[PDB]
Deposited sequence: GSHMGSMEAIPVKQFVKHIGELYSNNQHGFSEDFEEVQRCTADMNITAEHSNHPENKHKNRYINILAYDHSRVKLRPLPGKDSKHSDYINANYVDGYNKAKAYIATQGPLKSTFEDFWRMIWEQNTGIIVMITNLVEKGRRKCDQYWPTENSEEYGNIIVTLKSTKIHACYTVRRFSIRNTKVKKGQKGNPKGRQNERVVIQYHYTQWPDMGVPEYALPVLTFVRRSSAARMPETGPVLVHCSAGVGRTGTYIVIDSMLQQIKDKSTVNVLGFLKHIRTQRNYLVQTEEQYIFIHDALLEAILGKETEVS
């Protein structure tokens, strides 16, 4: 895959903006089309027994990269959750991208967290936005809550200007673990954040929280495609910049689009990614 030095990437961004953002439009159009003939299937998502497990009927999890739950007694499709492994920078399956959990999927959600050895949750949505339900509260407001065989206890809450951090411990009663939730809270009902700096800080801090060597970082918003893809791309590209002082947004995005549908869902989001990376490059840190 063809990466470009930071200095060239910065000039490339100026070019994508020019001529009424003509370059951004052709880029994203290319992204929108790039899997159209691959017949990537999602039969499980579409199976009538999993229907109520999906937040949106047209947002599916591709079969080849879906996260599978261990089967349950009783049960055939008890392995299904609307969630996919997604690659990160130099590390396959660095993330799980999933929808905002439904009440009917709370057990599954926490079971996946257990079975995957996930230690970090990144939540990029409020429970309700502009009066619309985006996600259900899958964690205890206080003290403990049991979700099937997993007992979740809220240990601490830290509220920051643009995000909140919650520390849980979770116990499997089939028979411990720390799970930390980074919840970005400052998000407009329409469009992308006006300023990238708050988002950059959230990405930096939530990303550093990833301890070796634990399971994939779970990233979700509402549908688990738009803001979720945006986060995955920014996080990955930042890591690539720190490592090699090179960037490749379009190539990386086309790649992860094979892993879950609609990752980075809108052209506005695609543009935001570049604005965010530009400000990261201008603001720091070494070898630019």
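For this chain, which runs of the deposited sequence have no C-alpha coordinates, given in order from the N-terminus? Gaps vs deposited seq, in order: 1-6, 81-82, 184-196, 310.
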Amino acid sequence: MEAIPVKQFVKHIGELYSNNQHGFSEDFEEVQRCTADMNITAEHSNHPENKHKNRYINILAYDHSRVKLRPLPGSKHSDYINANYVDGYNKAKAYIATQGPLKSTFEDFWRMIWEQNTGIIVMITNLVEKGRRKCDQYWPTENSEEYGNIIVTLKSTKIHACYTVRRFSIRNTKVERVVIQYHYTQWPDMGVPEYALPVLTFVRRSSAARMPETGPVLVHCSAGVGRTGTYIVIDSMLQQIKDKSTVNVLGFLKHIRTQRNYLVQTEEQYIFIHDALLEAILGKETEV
From here on, numbers count along this sequence of modelled residues.
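Rigid core here is just the name for the largest C-alpha set that superposes within 1.5 Å across the two forms.
When the core is superposed, where do the C-alphas shift more in 7 other deposited structures of this protein: in 186-194 or in 77-85? Per-stretch check in 7 other deposited structures of this protein: the more divergent one is 186-194.
Of 259-267 and 29-37, which departs more from this form in 7 other deposited structures of this protein by CA RMS after core fitting: More C-alpha displacement in 7 other deposited structures of this protein shows up in 29-37.
What about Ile120, is it left unmodelled in a third or more of the other PDB entries we looked at? No; none of the other entries leave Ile120 out.
At least a third of the other entries leave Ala161 unmodelled: No, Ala161 is modelled in every one of the other compared entries that cover both of its flanks.
With reference to the PDB entry, specify whether the mean Cα temperature factor is higher for 200-208 or for 183-191. Looking at the record's C-alpha B-factors, the answer is 183-191.
So, looking at the entry's B-factor column for Cα atoms, which has the higher mean, 138-146 or 115-123? Stretch with the greater average CA B-factor: 138-146.
In terms of recorded Cα temperature factor, pick the maximum from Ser65, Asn50, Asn261, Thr228. Across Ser65, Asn50, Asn261, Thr228, the entry lists the biggest C-alpha B-factor for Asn50.
Just the C-alpha B-factor column, please: which of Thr105, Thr173, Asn82, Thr164 has the biggest number? Checking the PDB record, the top C-alpha B-factor among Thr105, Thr173, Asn82, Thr164 is at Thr173.
Assigned third (lowest, middle, highest) for the C-alpha B factor of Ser25: CA B-factor rank for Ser25: middle third.
Which third of the chain holds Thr246 when residues are ordered by C-alpha B factor: lowest, middle or highest? Tercile = middle for this residue's CA B-factor.
How does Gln240 rank on Cα B-factor within its chain, lowest, middle or highest third? Middle third, going by the recorded CA B-factors of the chain.
Where the record places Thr153 (Cα B-factor, split into thirds across the chain): Tercile = middle for this residue's CA B-factor.
Going by the CA temperature factor in the PDB record, which third of the chain does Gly74 belong to: lowest, middle or highest? Within its chain, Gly74 is a highest-third residue by C-alpha B-factor, going by the deposited values.
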